[PDB]
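Data first, discussion second: the structure below is written as structure tokens.
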RNA sequence: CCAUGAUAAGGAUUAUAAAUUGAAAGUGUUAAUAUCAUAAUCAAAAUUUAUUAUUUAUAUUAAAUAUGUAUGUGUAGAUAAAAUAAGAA
Ligand SMILES: [Mg+2]
């Protein structure tokens, strides 16, 4: 991995809200799919996401269907239900991706960005060459040179 | 020349103060903040740091996977398969009247930091271990997937009669 | 200027300004009319004379037309003079190709690096000497290998001057 | 647009105070400069940590094999001569040619400020422990 | 038609490491060359900076130089050949003409009569076929002649 | 601004080409861009292999025109060509809103805004 | 060429208004006008041409002008009889009628319902559009001392415009009268509208082989060194070079001794000098301008005045200045200019050994001017050398002592009989005595203060590579050379395996240009563009730091201040 | 301008904090002219070539009655130290003087040896308000 | 040598250590001796200049 | 790589021909050209931007040369440089001036020819007319100021100012 | 230095078609009140002013002279901008 620096983490829903721009940017979705496929594992969640979002983009210039006055608030409650369902499928995806990427990096002898977890290797977030001399969230001092996660030979 | 024993007017002037705090206007304290990860919950630290998968990484992945196939190693494949089986189970439909809380209006001005703060903390509160709308456990039946290593093609010689 | 700067004190220096801004004179001739029988019977500009001409004046030629722009002096008279001078001068030199072959400008060929088929013989160069040698080197290696663990090419056929 | 209010008078004995302050500010600046030039040349001559990043390849590989071999037997004298400053190290690796194209593209080197630490550096805190009274532009030990 | 980056992204509110966003002078841009433009850290505007490093015009110029370098480099790794100056008489027939200099006339076709329509400028010749011309001194040929493949010969591809 | 030259290939090998380069390389293998250029051959219920198109850039030239907006333009171009060639094909195209031109522009540059386009400068209460 | 495409003289009138329709309507007016004036003139030339065609005499002068060639295409002096010449004249006049009719006919097409003046077929003259000049002014509409923000938010865009129609008239001949009416149209030009006149005509130029002769390259070459900055102002004269048309006959000479000396036929020499029937020693003669051996003013060999036995003033040694100033026919101050030693020691030239005559007084001899010797190529025969030098093979043989085979020879002696020689050094060069005449005072002060050298560098300077940079120096710095490096075979041979047979891979006898297209000074050590990205990134190439400068573009200051002297169309094309 | 520190305070507007095109600001005030660099010592705020001649101001150009201060771009020469003559430079408040000669000065401009912004702050040139504000900045004690 | 190209080529022989006064403990420079008084040079101006 | 540029004189070849460097020199004589000897061969860079039909900014000419260190102070820059004489700077110099018609003619001349007399500027005229109108009510708010005081301070032999109240 | 005029900034309900998301209510320099004074850049210069988007860790000072300081858990209060070839319901 090339980008090593300390980073700013966004909450999932805001990442998803980027829609066609990042989250659903066709290119990115494709290379994620390529990851899954290469691991010999189906991509169901990704495929749900692309279904949802493909539809989102198709209709993005249209007006929402007429809302008739309800004391009961069923149209509101139901369309909301649908909505948080979709949000939840995409949380599953976003999670999935972050997961598999940390793991696949674990197999590829790869060093993540600063303060990132890699499940079997660095349990506490891994750091080397940070702008700050201590581990950020450990409040423990960093060794020079950068910590090595993998045995030497390549 | 010949550096003096005393400086009359040099060290005489009032010393500039060392800043008390950092960030904006040097007023911000050092403390735990929103951006902090927790390493105690799940395989992925939360909130998750940004991650970039490069095609370069994909080709490395390919060579690793090939080389793994050819050495007869079924292990890491089975780890991965387990992970996928656990976290890909289809999220259940939420019951009417269950929505993610918004930030209540008329608290702060529209331009205020409180908004984001609330979002970040609410999501930080719900970790993927806390998602109860996705059915992960030994309890769950998984109609779409194979259960254990026995049922995958590299075991095929046990499947014959 | 027929308008503003036409009739008063500033008319002079404006007028002059414009004349010095326009002092460029362009001088053209085709290279088809330079190929003609000269008064001695020789062809004035022939093929090689033109090759030498074209390489001589680089970008001053296009579409088979020689075009010299003389800006050097403040006035158009002197630029026709200067231009004609540079033209007759350039022709003077370019005509040298009628003096014999030693002035015909070389053709610039792009000649490929030696091809693959020829690059293969690069491994067989001095074959025998190299094999018969490789045995003795193997000996020195087999003997060096008894003392130490790793045998460098620098302990065998490679020479690194110490000081 | 307010009419600008007039500036108050200079002050008394201030011309001598200022002459003096600037004067001895310069006489101080002489030892500042001297000390900093000593520090800079001293840095230049003394040894540094290895400029390459052992977390990537062709470097992660065991120190008994690969690149390190190429370094031990062929390049050693040269690398030790320039005291592992990252500019001539990288340049030598360019000129050795047996790595050839990779030095910039595949291989990876420690960021500027880390590669500047003295040989035998243990903890990262060493970046902020260097003397601050000297003007070398982070080029002092 | 290249998909690389020719443009230095405009200065704005400070970009920080995110999904979809990296710092402006981050190492990954322009093959690391942004090292040259980088002022590290929480910069103090009043006392500190190097002015040229925040200036759009200057930065962009440096980047344009860098791009020019890359392209130059790749056009020169593209060459397998040299330019040799060979006297008019000895040279292959299709060069016996007059060949205007670069950007002077229409791009010129080598031999429209013999059915080769291609740039003479970019025509490249084999060092084997010029052997007798280029090395008259050597006597016996220093490069062994090209083996050519018979197009009328029955071989595997002919289904024989 | 693009201009589609369209001809019919009786040999059934068609190809589409932009500024002299194969469409595959120009839109850079991104499928979701190229399908846009395919669309008018679908809406006309035609086979794409019967047609050769070459497209010319008359607008601001750039190293890469691969992006959705430029793709949209390309699609519009090919479609208008196709209508010129097969007149009745204009009815389905029009209904599917291919032939439709949208008028949208980046906001003009302007010194008043910070980024030069949309962002007004900082405001402070006196 | 026929019809529209061709002409003798082309006029382009560029009309410029502040408003578009202004210049458009203006173009229509001026166009109609030139249609009528055009018809008039061209009609008249047509009736003239038709008369000429009907019959007429031929000049003695034109006839003479056809018959001047030493040898015409059939390889002998050709006789054009007046018949033939009239036949040529007639052909061309027929062509002229074709073109006149073309123009006149076009003039009569544009009738009121049918007028279209843009297309060149439909009307003469026609009209091209030219892209309008448009300058956008961008500025603050607020006067505020208080805040930048508010100034910015107040910004107006306004423009200055200038509009251009262009009027094209191509004419089959050149009439002064047409030019007159046309330059005159500026006086009745429309309100607030101005114009330009682009004239492109055809004009005979004349190339002399007399003043700009075609000669062999000098037997000394000119290096890159003759070209430094200010080499244009110092080391070169402005062409053409001055060749003497006047020559003094030496003693033992006869007509063809002088003719063989000057490199011309005897006939020629007799005709330029036609006045004289005989040439005695010490007489001045006219060199026929077609002579090959003509001398340049002030040959490079300095005239030297030895002290010796002098006048009767001593008969021993020359003493005072003006004595020699009388001997060499110059002012004393010139003589003082040339000799810096003889000026500073004393005026009585006490102890001084010689004097150097001012550049003005030097005389050239065919001996100092033309190289006595010639270089022999690999393939050379005496036949080829003879052809090259225009000599008969036998005269070459004589001076070269009957040698037959030229192979063992680097140099062959040239016969004084030869026609085409090699000059010893380039003629157009500026003799050094001139540039030294400029600098005289300094060259004296060099001797006075005894200056052997002025070091431009500190003592140890090349120990520090990046510190001393003259502002002629350039990045990337070129590395010092290495012996075996140029290719793998050589490298292998000298370093790796030393019993290797082939010391260098095959080297084509002809020149190989490794930097191309770039030309470079031969014998200089140089670098080739870098293929490996690392070689670029890790080199010492700097980045732009200060404000950037363009030599032309600096005058119109910034991109934001775009200075323009005149509002010419940005498209505007210099004729 | 708010306070008139000179003539021009009457003529000029500040126009907020306003950006100028790169390296052109109307009034050149080099605050950075003395800015200590050990490694860059010869290349920083000095002659772009070591091979250049000293400026106009290192030489007496004409017949002078004499001068008060020499210009700040005049480079310090060994004679500036040795000769023991008045070397004056126009700085603020009044004039700076090279009094205590040293060889560490030689070959730099007195543009470089004279601190443009002093840390010594007179309170007699300040308004009470101004003094308050400087106290805010932790410059003046109070 | 400036940091850019040759920096590692600097030597301690460029240091005028006899010019200053050093702290033995810190290895740092405390004071500077006077430059001008004792200064002896055969060459105020370059050798080739005679006024 | 790094090589020594080289030149084969036409006498040495097994066929004579004109070497391209020679021609280069012929050209450099004809149109006088400074040969830059220190010109690195490794620095040939077409300017990508303006020379490639690919960028919207394409002029077909090398707009700028790309040398980062290029500056106006360099001698070579001065050799190819345009001089401010007879460029726009001049036109500004002469035609932009406070009262525009003082570019067209001398003011005194114009006035003397058109009107019989020289006329004040309008501003002066305002000053004056007001002097008249307000001297005709109040007095002695005034002051008597002039170029030269010697005319009021010793007045001539006549000159008895009329007393006023 | 008293000595009138005049143009800025400032989003809150005339909408989608063949169509603009910037306004009059006045922001230094401008035309009738006069009765202390020469204050104006042509270089190289002195921070107190509400009204300003800077480059945050692989490679880092060459041409007009060009910024030495603030690493500290993206962290107080309080603030800024946007629904316009983009993607918000
Ligand atoms: Mg007002």
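Residue numbers (the UniProt record's numbering), protein chains in the order written: chain P, 10 to 163; chain B, 10 to 170; chain D, 681 to 843; chain C, 29 to 169; chain X, 24 to 183; chain G, 318 to 443; chain S, 235 to 585, 594 to 817; chain V, 31 to 172; chain E, 1131 to 1181; chain Y, 11 to 175.
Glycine included, every Cβ here is placed at the ideal spot set by N, Cα and C.
Taking the beta carbon of residue 737/D as the centre, do at least 16 other beta carbons fall within 10 Å, making it buried, or is it exposed? The sequence position of residue 737/D within the third chain is 57, counting from 1. It is buried - the Cβ of residue 737/D has at least 16 other Cβ atoms within 10 Å.
Hey, residue 112/P and residue 90/P: beta-carbon distance below 8 Å or not? One-based indexing of the first chain puts residue 112/P at position 103. One-based indexing of the first chain puts residue 90/P at position 81. It is not a contact, given that the beta carbons lie outside the stated cut-off.
Using a Cβ-Cβ cut-off of 8 Å (strictly less than) and excluding sequence neighbours within five positions of residue 99/C, which residues of its own chain qualify? Counting from 1 along the fourth chain, the entry for residue 99/C is found at position 71. For residue 99/C, where only same-chain residues beyond five positions count, the Cβ hits under 8 Å are 107.
Among 26/X, 76/X and 139/X, which one has its Cα closest to the Cα of residue 62/X? Against the fifth chain, residue 62/X aligns to sequence position 39. Nearest option by C-alpha distance: 76/X.
Please tell me whether residue 461/S and residue 88/Y are closer than 8 Å, where the distance is taken between their beta carbons. In the seventh chain, counting from the first residue as 1, residue 461/S sits at position 227. In the tenth chain, counting from the first residue as 1, residue 88/Y sits at position 78. Going by C-beta atoms, residue 461/S is not nearer than 8 Å to residue 88/Y.
Determine, using beta carbons only, whether residue 64/V and residue 112/V come nearer to each other than 8 Å. On the eighth chain, position 34 is the one that residue 64/V refers to. On the eighth chain, position 82 is the one that residue 112/V refers to. Contact: no.
Whose Cβ in chain B lies nearer than 7 Å to the Cβ of residue 1164/E? Along the ninth chain, read from residue 1 onward, the residue named residue 1164/E stands at position 34. Ordered by position in chain B, the residues that pass the 7 Å Cβ test against residue 1164/E are 10 and 11.
Measure the alpha-carbon distance for residue 42/B versus residue 101/B and round it to whole angstroms. Within the second chain, residue 42/B is the residue found at index 33, counting from 1. Within the second chain, residue 101/B is the residue found at index 92, counting from 1. If I take the Cα positions, the gap works out to 33 Å.
Compile a chain-ordered list of the residues in the segment 339-368 of chain G whose CB is closer than 7 Å to at least one CB of chain X. 342, 343 and 345
Three-state secondary structure assigned by DSSP to residue 694/S: Locating residue 694/S in the seventh chain gives position 452, counting from the first residue. If DSSP states are grouped into helix, strand and coil, residue 694/S belongs with coil.
For a quick check, are the C-beta atoms of residue 67/V and residue 10/B less than 8 Å apart? For the purposes of this step, residue 67/V is taken as the residue at position 37 of the eighth chain. For the purposes of this step, residue 10/B is taken as the residue at position 1 of the second chain. Cβ distance not < 8 Å, so residue 67/V and residue 10/B don't count as in contact.
Partners in chain G for residue 370/S, counting only beta-carbon separations shorter than 9 Å: Taking the seventh chain and counting its residues from 1, the one referred to as residue 370/S is at position 136. The contacting residues do not exist; residue 370/S stays about 12 Å from chain G at best.
So, using beta-carbon positions, are residue 813/S and residue 364/S closer together than 8 Å? The residue you call residue 813/S lines up with position 571 of the seventh chain. The residue you call residue 364/S lines up with position 130 of the seventh chain. Their beta carbons are under 8 Å apart, which means residue 813/S touches residue 364/S by this criterion.
Name the DSSP bridge partner or partners of residue 139/X? For the purposes of this step, residue 139/X is taken as the residue at position 116 of the fifth chain. Residue 139/X pairs with 134/X.
State the DSSP-derived secondary structure class of residue 1162/E, mapped to helix, strand or coil. Along the ninth chain, one-based indexing puts residue 1162/E at 32. Note: residue 1162/E maps to strand in three-state DSSP.
Taking the beta carbon of residue 32/Y as the centre, do at least 16 other beta carbons fall within 10 Å, making it buried, or is it exposed? The residue given as residue 32/Y occupies position 22 in the tenth chain. Residue 32/Y is buried by the Cβ-count criterion.
Only counting the same chain, and skipping five residues up and downstream in sequence, which positions put a Cβ closer than 6 Å to that of residue 484/S? As a position in the seventh chain, residue 484/S is number 250, starting the count at 1. Answer for residue 484/S: no residue qualifies.
With burial defined as no fewer than 16 other Cβ atoms inside 10 Å of the residue's Cβ, what is the status of residue 135/Y: buried or exposed? As a working mapping, residue 135/Y is identified with position 125 in the tenth chain. Exposed is the call here.
Residue 578/S at chain E interface by Cβ criterion, 8 Å: Counting from 1 along the seventh chain, the entry for residue 578/S is found at position 344. With 8 Å as the cut-off, residue 578/S does not count as an interface residue toward chain E.
Quick one: is residue 168/V near chain B, going by C-beta distance under 8 Å? Position 138 of the eighth chain, counted from the start, is the residue given in the question as residue 168/V. Yes, contact with chain B.
Check each residue of the segment 46-73 of chain V: if its Cβ is closer than 9 Å to any Cβ of chain S, include it; give the result in chain order. 46, 47, 48, 49, 51, 52, 53, 54, 72 and 73
Residue 119/X versus 793/D, 815/D, 834/D and 785/D, residue with shortest Cα-Cα distance: Walking along the fifth chain from the start, residue 119/X turns up at place 96. Nearest C-alpha to residue 119/X: 785/D.
Residue 164/C vs residue 68/C beta-carbon contact at 8 Å: Numbered from its first residue, the fourth chain carries residue 164/C at position 136. Numbered from its first residue, the fourth chain carries residue 68/C at position 40. It is a contact, given that the beta carbons lie within the stated cut-off.
Checking 8 Å against the spacing of the C-beta atoms, do residue 437/G and residue 424/G come in under that value? Within the sixth chain, residue 437/G is the residue found at index 120, counting from 1. Within the sixth chain, residue 424/G is the residue found at index 107, counting from 1. No, they are not a contact pair.
Would you mind sorting residue 440/G into buried or exposed? The rule is 16 or more other CB atoms within 10 Å of its CB. Here residue 440/G refers to the residue found at position 123 when the sixth chain is read from its first residue. Exposed is the call here.
Just to make sure I have the definition right: I need the residues of chain S whose C-beta is within less than 8 Å of the C-beta of residue 183/X. Which are they? Numbered from its first residue, the fifth chain carries residue 183/X at position 160. None at all; the shortest Cβ gap to chain S is about 40 Å.
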